[PDB]
Structures are given as C-alpha cells and as structure tokens.
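Student: Encoded as structure tokens, here's the structure I'll be asking about.
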Amino acid sequence: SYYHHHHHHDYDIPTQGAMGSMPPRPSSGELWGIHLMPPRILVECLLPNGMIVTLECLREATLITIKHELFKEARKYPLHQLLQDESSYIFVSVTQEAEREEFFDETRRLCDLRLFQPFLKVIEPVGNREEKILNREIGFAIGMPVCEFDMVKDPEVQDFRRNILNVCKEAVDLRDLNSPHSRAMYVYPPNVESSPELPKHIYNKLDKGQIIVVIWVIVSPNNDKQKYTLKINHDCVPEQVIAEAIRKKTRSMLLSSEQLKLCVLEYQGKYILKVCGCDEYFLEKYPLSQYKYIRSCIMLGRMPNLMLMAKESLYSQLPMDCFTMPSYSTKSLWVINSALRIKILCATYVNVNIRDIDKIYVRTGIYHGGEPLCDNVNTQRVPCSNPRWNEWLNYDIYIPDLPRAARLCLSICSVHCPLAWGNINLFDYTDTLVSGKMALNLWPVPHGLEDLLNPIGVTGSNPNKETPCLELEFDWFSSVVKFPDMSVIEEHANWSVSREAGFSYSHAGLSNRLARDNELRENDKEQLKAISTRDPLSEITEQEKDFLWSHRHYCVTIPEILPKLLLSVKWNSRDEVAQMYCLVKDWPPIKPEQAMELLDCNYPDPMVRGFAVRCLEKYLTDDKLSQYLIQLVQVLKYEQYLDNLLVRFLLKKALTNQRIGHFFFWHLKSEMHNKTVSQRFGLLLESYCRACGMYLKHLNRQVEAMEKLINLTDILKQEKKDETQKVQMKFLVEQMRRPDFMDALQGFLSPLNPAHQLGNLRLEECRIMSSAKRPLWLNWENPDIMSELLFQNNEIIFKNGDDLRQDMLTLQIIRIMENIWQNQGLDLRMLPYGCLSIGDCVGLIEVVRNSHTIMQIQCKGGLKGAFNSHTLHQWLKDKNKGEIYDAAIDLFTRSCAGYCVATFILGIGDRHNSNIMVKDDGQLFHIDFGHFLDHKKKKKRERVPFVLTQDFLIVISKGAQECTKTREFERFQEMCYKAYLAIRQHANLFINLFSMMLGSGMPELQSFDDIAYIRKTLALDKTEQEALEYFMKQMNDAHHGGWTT
Amino acid sequence: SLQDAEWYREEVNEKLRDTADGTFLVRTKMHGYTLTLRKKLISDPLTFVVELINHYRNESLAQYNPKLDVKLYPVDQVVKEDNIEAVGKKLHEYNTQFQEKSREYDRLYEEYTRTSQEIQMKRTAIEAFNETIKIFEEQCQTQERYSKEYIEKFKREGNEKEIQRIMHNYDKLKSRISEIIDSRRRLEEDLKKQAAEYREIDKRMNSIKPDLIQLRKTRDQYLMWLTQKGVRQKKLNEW
Ligand SMILES: Cc1cc(C)nc(N)c1
C-alpha cells in the first residue's frame, strides 16, 4: 500500500552512505604496500663481499645502530677478511620514488627512509663531494627526487633550471648586504600592518595616543625576569622604547642625572625588542602601533609584553645561509604568406560505447582566452572504433595575425558532448612558431565544463600516458619561423599610426576610427570613465570596445581603464596588437588590486603581464603580497611558459623574506599531487629550496612531521575503522610514544605560523575527535622563554581527508572584508582562524580556545527533560557579568553583523547550531563553510545563509521581547547596511581574487559564471540605493519581518 | 509582439551556454536593449526593436562591424502539457533523475582519478622492483667474483665446509631474486587488471555525459515553460 507492491529487483542486500564521511585516498607509507613497518622487521644487508646477511632489526633503529650490529654479525659470516673498517662505508637502497638513495645521515631511522623492500646495500662513498648530494634535503622538502629532473628531455625545463638561478643569487646577495642585521631581517621580518595611520576606534582606546607596555629583561642565571611598565606614545619607535626601558632599569640612588645618560647610550644599541611567547621581533623603525602584535593588544584590551634581547643572543641563533651554485652550472612570422591550417592525424586510445554513441569527431579553435576566428570541427569520420581523420583544418586567419601568446584548443567529441581535450601553445618558449609533428596526450572533461572545447584549461599534454593521445601535424615553412623583435613591432606601430593620419574623412564611417583627433566631446570623455568603474565581469559591447579602441590615446588619462581597453583590442589584427604593445610599453602604473586582474586567464599576452608585474614591483608591499599570495601562486598556471617575469618576482620576494617564503613553499608543495602543475611547481620549489638558506632544514622538519600524521591518520581511517574510539586512541597513543614519532613530531615550527614553535608533545591532551574523518587534536608545549606570557600550550588540528582550500579561500576573503571594514572605521570583528592545506585533502586548522558550537551551549544549558531560546543569552550573561556584559553584547553584535554580510555576499553554506561558534568574551564566528559560491544551486535563489534565529536576536537586544522593535537592533541593522555597501565599493577586488582562483581545480570555481553569483548578491548592475533596498529585501524575507528605511 | 517577440546578463549566459556559432537573443537604463549573439554583446545608420533583428537573421554582421562574419538561431516539448501542476511534477522527476545521474558521474570521476594514481603508483613500484633486482643481480654477480677467487685460493682448507656456506649464501641470493621477479610479474598483471577497469571508467563516464546534458537540457525548458506562465519562483524549491 505504501509502495504499490512495486519490487525493485536490482536492489542488492549488502550495498557509499554507510559511514560516508572521509573521501580522499590513498598512499603507501614507510614501506611498499604497508603504512607502518612492523615493530621488529628483518632486513637483508647486501655486503661488498657479496654475502646477504639478514639482520633482525627494530623499525625505529638508527643507521649507525644497524651498521655497528651488521659488522658485528658479518664477522660470523664468510669472507670477513675482505671488509674494511665499518667507518669506511655508507648505506644505500631503492626507495618508494624508485631511486637509489645513498644514506649519508646515519642518525636516520629505518622507518623514516621511505625504503621499498627492506634491504640495505653496503658501499664506499660515491663522489668526493658528499656535500653536493645533500640534494636529498631538497628532494624531501619537494617530495620528488632531484635526479628526476636531470633526466628530463625538454630544453625548456633545463633552461628554466639554469636560467632562474639569476634570481636566487640576486636575493642571496641582498641577504648578506648588512649581515648580521639583514640576515635577521630576512629570517624575522617585521610583522606590520599596511598603514601607520590608525582607525578612530583603535585610537580611542589610547587616552590621547598612549599605551601601557611591559618590557621584560633577564639577569643571572636567567629565571628572575623583571617587568618594566612603560606608558609611551603609540607612534614612538622600538629604539625609543628600548631607551625608556633601560632608563628605568638603570636609574639609581648611586647614579647622577648625567651618569645615567652616559649609561643609556652604551646600553641602548646592544639590545632589540622581541614579542614574549613567539619568535617575532621589531627590527625596523615603524611606529609601534603599526606592528600587528600591538594593534591586536589594543583591540583585545591587552598590555603588550615585549622582551629586551641582546643582538648577540639573536645573531647567535642565525647560522650562515651560504648559497652555492649547483652541478648544472630564422625568418619573421610576418613574412609567412599563407593562412593557418593544422593537420589532425589520429586519436588512438578513445574509450566509448559503440552501443550508445553514433559518431565522434575533433573540434578545434585558436584562442587568447577569447577566440581569434570562427571555430571549426572536422568531418564525423571513422566513428567510435578505428577513429582516424587525415584532414588539414582550414582556419580563417593569416599567419602574421597570430598574437605572441596564441593557443590551439582542441577536443574529441560525441553526437553533442566532449570525451577528452588538450591545448597547445602555437609558439614555444624561444618565440618559435610550432611546426611538424606533435603527440598530444589529453585531459578528461571535468565536472563543470559542459562547453565543448575548454580554452581556460592548462597548456600542454597530460603526463599520464594511458589517455587519449591525439597526434597531429603542423605546416612547415622551410625554416624556424620566429615572432618579431620589439624593435620591429615598434616600427610597425609608428607606421600604423602615420598611415592612420592620412585616410579620408569619408572613411571615418569605419567606427574603429578616432576622427575626433585630439579634441573630443565632454559626453564621450565622461562615458569612458563610466566604463572604468565597471567590474571585470560586466561584458563589454562591441560598440564600447570599438569606442575604446579608437580613443585608446585618451585612455592613458585613465590608467585604470587598461583592462577594458586590452579586451577591446582585436588580437587577430597585428596592426591593432603592435600598437597596443606600444601603449602598454609606457602606460602609467596602477594599483596592484587592479593590476592583479591582468595576471588572470583573460590577459595571456606577455607584454601585458609584464606591465602587471611592473605594477607589483612598485606598489606591492610585502604585507600586501602575503595577503594575496594564494592568488599569485595560483595564477602561475595561466602563464604560457615556465620561465617568466611573475615567477622571478615571486621567487625573489620569497628569498628576500622568510615569512613569504614559508607560505610560498607550502602553497606550491600543497599542489604537488596535481599533475597539471607538478613539473612547474616542482622546478620552482627546487630553486626556492636551493636558495632559502637554513629554512630548508626547518621546512624538512615540518615536512617530516606532516608525513608522520599522514601515515598515522591513513591507518586510523582504513584498518582501524570499525573499532572503539577506545581501541583507536589506544593505538594512537601507542604510536606517538614510539621514538621515531617523538623525534619527528616535537621540536618544530607550526606550519600555520612559523613564528610559533612546537617543542614537546603533550600526549594526554592529544586525542582523535568524534568526526569520522578522524582528525587529530594535537597539542604542543610552547617552548618560548616567556611561554607563560602568551600561551603555555599550542594546539592545532590535523584533518586527513578533506579539501581545505575552499575554506582556506573563504577565510582569506573574510580576512580581507575585515581589513576593508576596519580601515573604513566600521569595527566588525570577524575571526578568520588559520587553515592551511598541505596536500591532497590534508591540512591544518587553528584551534580557537574558549569557544563552542551554539549546540554545546544548548546541550550544557539544556534542562533535564524534553532547549530554551534564551540559553545562549543566559550562557553569555553567565560569563560576562557587570559592565563586561554591556561590552560583550557589543562584540556579539559587532561580529554577528559582519558575519551576516560576508556570509550573504559569498553565499557560503547554510548555517546552523553545529557550525556557529560563540566565545566566552562574546564574539561570534562561523566554521566549516563548505561550498562557497552557492554550489548547491547547480541542481536565481540569491540565498541568505546566516538567518538570525530568536536566540541571536534576544542577545543582540539585551533581554527584551519583541526584539524586532528595539534600538539595540536598529543599531545592528545599520551596521549590516554600512558593511554591505563597504564591500560593494571594493567588489572589483573580490571578483578579481575569485577570478585568479579558477586555476585550482576547485569545482566551485570552474568558470566565470560561477563567480557571477557575487554580482547578484552585491547587486552591481543596480545603483547603491537599490542595492541597499535589495539587501534589505533579501534579509527581510528570511527573517519573516524587520527591515525597511 | 514587441514585448513577446520570442527572443526578447547572468541568466542570458546560461541560456546561451552550449549553443552554436549563430545563436542570439535581446536584453542601468542610463547607459544605452542589448543583442547577445554567440560565436558578442551589441549606431549611425538608425533607419529601422523587431525591425532590426529580422534584418540580421537573414544577413551577416560583416558590413556592420568588420569582423562579425556570423548571422541564425533565434532560440515546445514538455509533452505539450498545459497542466501546470503536472508539468511541476515532471520538473522534480527529471531533477531527481538528473541529481541521481550526477552522483554516478561524481563517484566515477573519483575512481578514475584514484585509478590514474593507483596505476601510476604501481608503475613506479615496478621501476623500483626492476632497480631492486638489478642490485641483487649485481650482488649475485658481485659474489661470483670474490667467492670463486676464495674457492681456488687455498681449496684444501675448510674444503666443502667453506664452499657449502658460500654456496648456501649464493643459493639464498638467487632464490631471493626468484621471489622478487615473481613479485614483480604479479604486480604487472594486477596493473593491466587496474588498467582494464580504468578504460571501463572513462567508457561509462562518456556514456553518462550525453544523457546528463539532455536530462539537464529538458529540465531547463520544463522550468522555463513554468516560469513563463505563473511567476512562482518560490513554489519551485520543493521540486
Ligand atoms: C565567457 C566569455 C566570453 C568572452 C567573449 N570573453 C570572456 N573573457 C569570457
């Protein structure tokens, strides 16, 4: 009666949903095929004398421990007289990367070697320079051995490797410029806000611009440390604060006024300011307020805690960076008088149902992001099985009208749906036009791409051999055909202009023709800047394009129009292109936040991207770089060749600054699993690691720590599923006590922030969470001298099996909306906690102490019997009592306003009790954002995801009933409206960041209409007065009443 | 007819999305209707809204603005159902069929990418076997040098006692080599079994993709046909 007795016969009884919460796998661990080598294993020791003696070993046993036992045991075997002293030998074996690593560091333990089969060969040290074969260091940090690059064919790869060393040396030379000061300046750069200018609400916490500080000092042996409690102007500098603190330290009843002054000078310069609790320093003359540490302390109602530290106890700690060069040290295109044609030959390895599909063909096009000619196909010949076409494809474009960065984009298709795809660059890295025969391995159609051809997709062949390999042939013109020099493209511009000045006025009915020569209309001159203001994502009309293209010379007045102009150039018309090249040559720089558009996938020309780098070189502070670092590392993908100006810029700034370095390492190492970019990023990470000085050692210790945790959780998730937490926890603690873990997981730097150190592992506070992703709550002793002043314990969550980078980006976007708002003078306090992806669905998330899901607030405050709308509000009163309560509601109201807007604008996941968090002091913040740009609409919602229940509203309006109608809530509303328009005026940036992210294979960002959601939500097609009303409309329906005027 | 006109930003792209080289339609007022031709968002000769669009369905836009050699498609089913509510059911049905179809596609795109990795892990492992073996093959050859020097030298001393425990060691060595090679062989056969399943993953993805686009495509026009009659943007959600 329920199911109309309708049987499903297919439904099998066993069979995913059953524990469906841990997607990404797999890997091999400490030995081939197995995660964790048996505690006691036997290994075969191939001697030089030919004898295989099979040592029973412990998994954690060090190589010297093994050798010393091997050579004791080889006395008992035959041919002993043939062996040297044990000291004249090194170990060697085959690894899981299938190279033959020599094991020089005989402290290393057997499980940590990444062996393949448990066997070790004995040999004598090959190469007098052992020193040189600590590339394995680099190989470990990168996670693929350097010897793998040496035997690469490609001259580009080889050219990049040797050419890029230019950069490495230029930054290392800056590091030893004022050594030891500059070396410290690399290692511990000043952690500063962007502007010294202070927002009013920060200032008003200052009683006429002053702060009480605490400068600590140590004497003998150490231990008794002594507070010196200054009260100095906010905008005074460190060298002044160090004087005042010495003044105070060294006033006395046995020292005259003068005698002190002369003591102060000799003492003043021998010290510097450290933050207590972490390795941060105040190394150059910034107004004190401007360091991040202070400005937080102000905002948090905290008294800063610095430390006088001698320069020789800091120049103690910096070892030498000491860089070494490695062991690895025509006829103009415009002459060609033909059109383009490309010969398709055969596609070999296509996997299709002959029963389901009729016919298969090759679609093809030329591109620049958008395309230089009518797109073609070929005839639907030898369909499905046996599929070949021997066809010259005929492209309506002359060969001189290909732009430097021209690209063929092709795909095999069915009838209409694509099977595979792959894109080639019509030129090579040495300017040379592609000719002859090319074998293109293809890429599988992604989730988001329904479109036939995929021209945003990555340039070059898939390395994965067993895929559709579609081979093809390019026309040959009896020489390497090279692209024009710039001296020649210049000349042809200076002609294209001189010729343009002698056409008839009858001809000015062309409309791409600025007949308003130097004088122009005021309506025109205004309608141009009206374009300028428009976001990147508003499509431009042929009329506007032409209108721009003609007036291009007035467009230098508005530098900011350049992106719109560049898209208005006919890149299929080498006259137009050679001219645009000549504008771009000396076009006024622009703001990075605008110049970063020019590095996205719609501007692939190298002249353009150059102008864009040049902008960064001027206007981009090292603060603002690490802010946008993700979007820059991402945008490398969109470069045509390995060696280019952006890679050199980033490589240099990273070797200039070890904080940028740090994240620049991980953001590359993060994406190393992805074969789109393994080669590119692999090579770049070689150069970084080769030139970064001692940080290569620090990275390796982090790198090794992450691997322990990867192997550990990979086990927990596979063999140990279907066991009690009790069982798993008893297995996790068993494991972490092993000395190889204890070595590998203790003294090292938080990859979330290398300022924090990690030191001892507190195992009783270490545990697995409930989640079936089996995340480890890991907890470290902050080993700082003044741990007690900052946090005695550091604790951060390692989560195997979850793609962190959506979260990563939303947090970064929030972090930006905050900085935007707070310089605007609207204090809304978001808490964008740390998140770092270190791999393929592997990452780190910062723990915010003293915070709970609304749900625990309601479980803890839940009455015995069958929760209360007030319980949140009652739990918050419970904490904050007095005039503390009044200001704690201000915090909840300030955060809760901003988090409403960010959430609405981004369109992050639906919020509820178990992903909304409230802190003791009363700040609210969101966690686990999931799909960010409204990725469940693929199955015009303009959704409101943060919908403020009674719970929140009560708390917003102290304790009232009919909260809807308080001033408390009138204030809150005004916060939301001011925040929303704030972000609407910076929407060019948020679009641009999201554009720059299409590079990563996040399914939420496959192409621009994904991003277009953030137009509607900000209502950019409207005017701000309707925007407001749209937002108010939007917010009103979700809440069921509240929002007008 | 000028309001209606059959063809008359964001949701224009999603109706131009996946259409031919020729398809079109027409869409701040204090700014300029916008012709949106797919191959191009679009003066002086103003002698002509329905007037202008008929003129260039026949004719190319080449003489208008030099590089626009493109004219054609001005874009029915739903079982022609003038039922409203029964068109409403079918939306949910196709939408469940489509959603059903995406999971099957999503599942397989995972298996595909594992099977790409799992395979490529296997390949490297074989390279590693082959190198492992080459070191044992060098070792069995390494011992044949110095062992057969330590047979003929002396010979009387130890005698079979010496050469036995050298010959045993040398047994162990080549028989270990036997195990390793048979280990490698067994990987390579498992490799082609993986590669077999891998081919079959693509195969069913390529046969799900076309149905996935049609199911989508129907569901769009079903949901168009509804929004045509009664605005009801809110009733659609449950479906
Ligand atoms: C979707 C689209 C279309 C065109 C002509 N240009 C873009 N940059 C993006």
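Ordering of the structure tokens sets the chain letters (A, B, ...); residue numbers start at 1 within each chain; ligands are numbered from 1 in the order shown.
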Any idea what's packed within 12 Å of residue 4 (chain B), counting only C-alpha atoms, ignoring anything in its chain fewer than 5 positions away? Could you give it as an MDAnalysis selection string?

Tutor: chainID B and resid 26 49:50 228

Student: Show me, as an MDAnalysis selection string, every residue of chain B with an atom at most 7 Å from chain A, counting only C-alpha atoms.

Tutor: chainID B and resid 10 18 28 40:42 99 124:125 127:128 131:132 139:140 142:143 146 166 169 173 199 202:203 206:207 209:210

Student: Using only C-alpha atoms and all ligand atoms, which of B:223, B:7, B:123, B:13 sits nearest ligand 1?

Tutor: B:13

Student: Residues within 7 Å of ligand 1, counting only C-alpha atoms and all ligand atoms: report them as JSON, numbers by chain.

Tutor: {"A": [369, 370, 602, 1008], "B": [40]}

Student: Please provide as JSON, numbers by chain all residues within 9 Å of residue 324 (chain A), with the sequence filter that same-chain residues fewer than 3 positions apart are discarded (counting only C-alpha atoms).

Tutor: {"A": [169, 690, 691]}

Student: List every residue of region 748-907 of chain A that DSSP, applied to the backbone of this structure, places in strand (DSSP E), and write the result as a PyMOL selection string.

Tutor: chain A and resi 767-768+776-781+793-798+835-839+842-846+851-853

Student: Which polymer residues have any atom within 12 Å of an atom of residue 577 (chain A), counting only C-alpha atoms, with same-chain residues fewer than 4 positions away left out, as a ChimeraX atom specification?

Tutor: /A:400-405,486,489-490,492-493,496,549,565-573,581-584,605,607-608

Student: Which residues, written as a ChimeraX atom specification, have at least one atom at most 10 Å from region 970-982 of chain A, with only C-alpha atoms counted and residues fewer than 4 positions away on the same chain left out?

Tutor: /A:817-818,820-822,824,826-828,890,893-902,904-905,953,956-957,963-966,986-987,1017-1018,1024-1025,1027-1029,1031-1032,1042-1044

Student: Residues near residue 214 (chain A), anyone? I mean within 6 Å using only C-alpha atoms, not counting same-chain ones fewer than 2 positions away, as a list in words.

Tutor: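 Non-adjacent residues within range: residues 228, 229 and 305 of chain A.
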
Student: With C-alpha atoms retained, could you export that selection as a tab-separated table (two decimals), in the first residue's frame?

Tutor:
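Wrote selection_10.tsv, looks like this:
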chain	number	residue	atom	x	y	z
A	228	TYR	CA	59.33	47.50	33.48
A	229	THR	CA	55.95	49.02	32.87
A	305	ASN	CA	54.60	42.02	26.51

Student: For residue 337 (chain A), find every residue with an atom within 10 Å (counting only C-alpha atoms), except residues of its own chain fewer than 4 positions away, and show them as a ChimeraX atom specification.

Tutor: /A:333,398-400,477

Student: Restricting it to N, CA and C atoms, dump the selection as a compact mmCIF listing (two decimals), in the first residue's frame.

Tutor:
# COMPACT_ATOMS: atom_id res chain seq x y z
N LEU A 333 57.75 35.78 -38.60
CA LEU A 333 56.41 35.26 -38.76
C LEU A 333 55.63 36.09 -39.77
N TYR A 398 45.32 34.86 -41.26
CA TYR A 398 46.69 34.78 -41.80
C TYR A 398 47.68 34.54 -40.66
N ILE A 399 48.80 33.91 -40.99
CA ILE A 399 49.83 33.52 -40.02
C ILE A 399 50.55 34.71 -39.35
N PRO A 400 50.67 35.87 -40.03
CA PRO A 400 51.14 37.08 -39.30
C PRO A 400 50.15 37.65 -38.24
N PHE A 477 57.36 25.79 -43.01
CA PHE A 477 57.69 26.91 -43.90
C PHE A 477 59.22 27.04 -44.02

Student: Could you give me, as a ChimeraX atom specification, each residue of region 586-687 of chain A that DSSP assigns to alpha helix (DSSP H) when run on this structure's backbone?

Tutor: /A:592-595,606-619,622-627,629-636,645-656,658-669,678-687
